[PDB]
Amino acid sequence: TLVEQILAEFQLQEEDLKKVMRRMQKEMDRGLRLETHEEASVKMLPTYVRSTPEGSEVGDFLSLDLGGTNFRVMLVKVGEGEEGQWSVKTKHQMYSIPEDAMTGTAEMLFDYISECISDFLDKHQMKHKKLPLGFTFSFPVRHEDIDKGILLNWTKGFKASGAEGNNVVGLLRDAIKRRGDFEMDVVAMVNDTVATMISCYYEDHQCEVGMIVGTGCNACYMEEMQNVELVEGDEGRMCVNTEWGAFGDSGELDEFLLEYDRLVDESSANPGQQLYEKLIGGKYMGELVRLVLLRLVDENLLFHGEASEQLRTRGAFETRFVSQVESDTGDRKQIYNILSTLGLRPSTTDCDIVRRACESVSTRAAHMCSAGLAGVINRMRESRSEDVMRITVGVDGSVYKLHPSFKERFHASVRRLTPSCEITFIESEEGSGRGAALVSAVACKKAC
């Protein structure tokens, strides 16, 4: 109950969530309007993915994905189906990216990428061929078009000098060129949210929102072109990359932030940025729990006031431990084993307290996340005429998919916040690969 008072600080009431939801809708509006687009914490970035186009090229496409801890290269075949195109991943390969290839420059990084592409082509009797390439790039970008836009800044702990302010597609063409090895026709760069959204569209035409809850957290949704003041035109809809991860960066979340959030922020690669994401994303969630455990140790409430060397080092409480702790069946075997590995020797009640600390943090992530999505859905609701708006949300990310209860709490809370909306949630199958490819296919019809 001394424990419970500390953890209860993570609670959010219905009214707290409604306040976060209204504030998110307010920032989405400010991000879309010319007069406020520039100071907006929520950037609402036009993506040039549109509802208007007809016709799609068929054939084989290469898809890149950068923005996990792993970089992925795959081949995907697009062909002609019913009411649209099918797509399927045929060939694929994952690569890690080393320290010195990320402490360095952008040039170096994109060379590594180019080196990985060649490797994949070598290995697949492909080196000689030239194909349209789709680039899923999970970072905030200001687009000039479907095949051009600049990196605004790194998120999720990516460093690389000389990337911010530059055309990311340019940076990759410059690296393909500086290798001579192979020719590739970069036809489309998209965000992961957008890739996920697009990949759910084939099976569900109602899918107009894409969401990621993984290392980071973000969404995109189809906006009416008249509301997209940053792109001339009123015809049809364009996908907007909200970048809601940066919500709170102008102080909108100050009343809700905890000591643990301020500590995570100050110690991150990006002080004062991505504050909403720092409440939710798997890059931060284990670290939040860690900090909570340290506070309980210092109050002599956990591990008899003794923390191991491992518990005291940043990043040691991994986000996957939070999910494992919450998967524990009640026998405390999972919890004991995780803590033992961290050099602790926990009692029965220690294990239970650790469980509670995980649920408070993950439950707060789910609820916060729900308020942002509810804001996106209720904003869309305002432009729609039906009695009940039926909308499909495409989702990916290990926090959403793999955390035992996150998805259930998130669904219930979102639904509470969105009256007269019927919401269908679809988890993408190779959303990133296929989505990049499907957008490339359509862009090729005219672009290539």
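For every residue, the number given is its place in the sequence shown, counted from 1. Heads up, when I say rigid core I mean the largest set of C-alphas that superpose within 1.5 Å between the two forms.
Fit on the core, then compare CA atoms: does 288 to 296 or 94 to 102 lie farther from this form in 8 other deposited structures of this protein?
After superposing on the rigid core, the more displaced stretch in 8 other deposited structures of this protein is 94 to 102.
Can you check whether 423 to 431 or 7 to 15 lies farther from the displayed model in 8 other deposited structures of this protein, averaging C-alpha distances as RMS after superposing on the core?
When 7 to 15 and 423 to 431 are compared in 8 other deposited structures of this protein, 423 to 431 lies farther out.
Quick test of your reading: does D331 have no coordinates in a third or more of the other entries compared?
Counting only entries that model residues on both sides, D331 is resolved in every one of them.
Does the comparison with other PDB entries of this protein show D352 lacking coordinates in a third or more of them, where both adjacent residues are built?
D352: modelled in all of the comparison entries.
Could you check which stretch, 171 to 179 or 247 to 255, carries the larger mean CA temperature factor in the entry?
The stretch with the larger mean CA B-factor is 171 to 179.
Using only the Cα atoms and their B-factors as the entry lists them, report which of 33 to 41 and 62 to 70 averages higher.
Mean CA B-factor is higher for 62 to 70.
Sorting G286, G272, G372, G84 by Cα temperature factor from the record, which one lands on top?
Answer, based on the entry's C-alpha B-factors: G84.
Among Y336, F135, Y260, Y201, single out the one with the highest C-alpha B factor in the record, please.
Out of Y336, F135, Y260, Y201, the record gives the largest C-alpha B-factor to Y201.
Split into thirds by Cα B-factor across the chain's modelled residues, where does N191 land: lowest, middle or highest?
Answer is lowest: the recorded C-alpha B-factor places it there.
Tell me, lowest, middle or highest third: where does the Cα B factor of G397 rank within its chain?
Answer is lowest: the recorded C-alpha B-factor places it there.
Could you place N218 in the lowest, middle or highest third of its chain by Cα temperature factor, using the values in the record?
For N218, whose C-alpha B-factor we compare with every modelled residue in the chain, the answer is the lowest third.
Among the modelled residues of its chain, does the C-alpha B-factor of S56 lie in the lowest, middle or highest third?
Top third by C-alpha B-factor.
Taking the C-alpha B-factors as the PDB entry records them, is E229 in the lowest, middle or highest third of its chain?
It falls in the middle third of the chain.
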